[PDB]
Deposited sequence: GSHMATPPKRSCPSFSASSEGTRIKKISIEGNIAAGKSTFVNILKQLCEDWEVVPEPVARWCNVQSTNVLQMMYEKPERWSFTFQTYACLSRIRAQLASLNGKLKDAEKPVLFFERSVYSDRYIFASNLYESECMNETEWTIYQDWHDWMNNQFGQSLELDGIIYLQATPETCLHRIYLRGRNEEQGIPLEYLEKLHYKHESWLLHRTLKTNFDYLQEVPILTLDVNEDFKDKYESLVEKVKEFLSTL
């Protein structure tokens, strides 16, 4: 009944800035940003910061928390307003896929998670979506493509204290998973429907010609 699109992209690619521009267009368009605020406020502690400072200790914990929260937030917004509008479209800021096959996954491929952790993570992640996740099936994906050099430079522009330590080699590994997943679509997941899902890739390396393609996309959905 409700068209669900996911906005994907590397760190600082411009996910949010795009999300916001979208909101101001159709009153039937709502958006669900990442609970990033909670991640940074867990009883006066920053679990996001805790992971960047000692990844091989809090990666598991942070990725568990991050996905759990995301499912809650999104499950919440699809049972809210817009649940009456003629053309109900909901934009998600990143999904439970990017969370597992990009960020989490990369952490494991960097020894920042042992076999025990990674095993548990996937076991957990699979179950979570096998229940209250089918309602979160995506109908499309918007890919915000940008060079890892641009993301690195945009990290300073946003000036988030925790992210200021991120090396290029890191954004480079995340950037590859992105390409390999939504560009060449060679990356495979356990959720087969995604193979049939439409991907709109936009070059955001450099403000209305994007709105253009977007509409043509949502219509062909």
If a residue lacks a C-alpha atom here, it counts as unmodelled; so which stretches of the deposited sequence fall into that category? 1 to 22, 229 to 233
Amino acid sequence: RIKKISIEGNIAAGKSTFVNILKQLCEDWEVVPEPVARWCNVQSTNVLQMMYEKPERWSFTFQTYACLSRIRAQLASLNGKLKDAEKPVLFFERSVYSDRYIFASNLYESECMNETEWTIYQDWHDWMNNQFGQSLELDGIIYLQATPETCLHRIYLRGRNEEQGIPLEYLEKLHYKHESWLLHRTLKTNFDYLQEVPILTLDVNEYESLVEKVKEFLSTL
From here on, numbers count along this sequence of modelled residues.
Hey, which bit's got the bigger mean C-alpha B factor in the entry, 96 to 104 or 83 to 91? 83 to 91
Tell me which of 152 to 160 and 30 to 38 has the higher mean C-alpha B-factor in the deposited entry. 152 to 160
Most elevated Cα B-factor in the entry, residues 74, 114, 122, 135: 135
Looking at the temperature factor on the CA atom of residue 17, which third of the chain's modelled residues does it land in? highest
Rank-wise, by C-alpha B-factor, drop residue 128 into the lowest, middle or highest third of its chain. highest
Using the B-factor values recorded in the entry, state whether the Cα atom of residue 43 falls in the lowest, middle or highest third among the modelled residues of its chain. highest
Rank-wise, by C-alpha B-factor, drop residue 209 into the lowest, middle or highest third of its chain. highest
Thinking about Cα B factors across the chain, which third does residue 201 belong to? middle
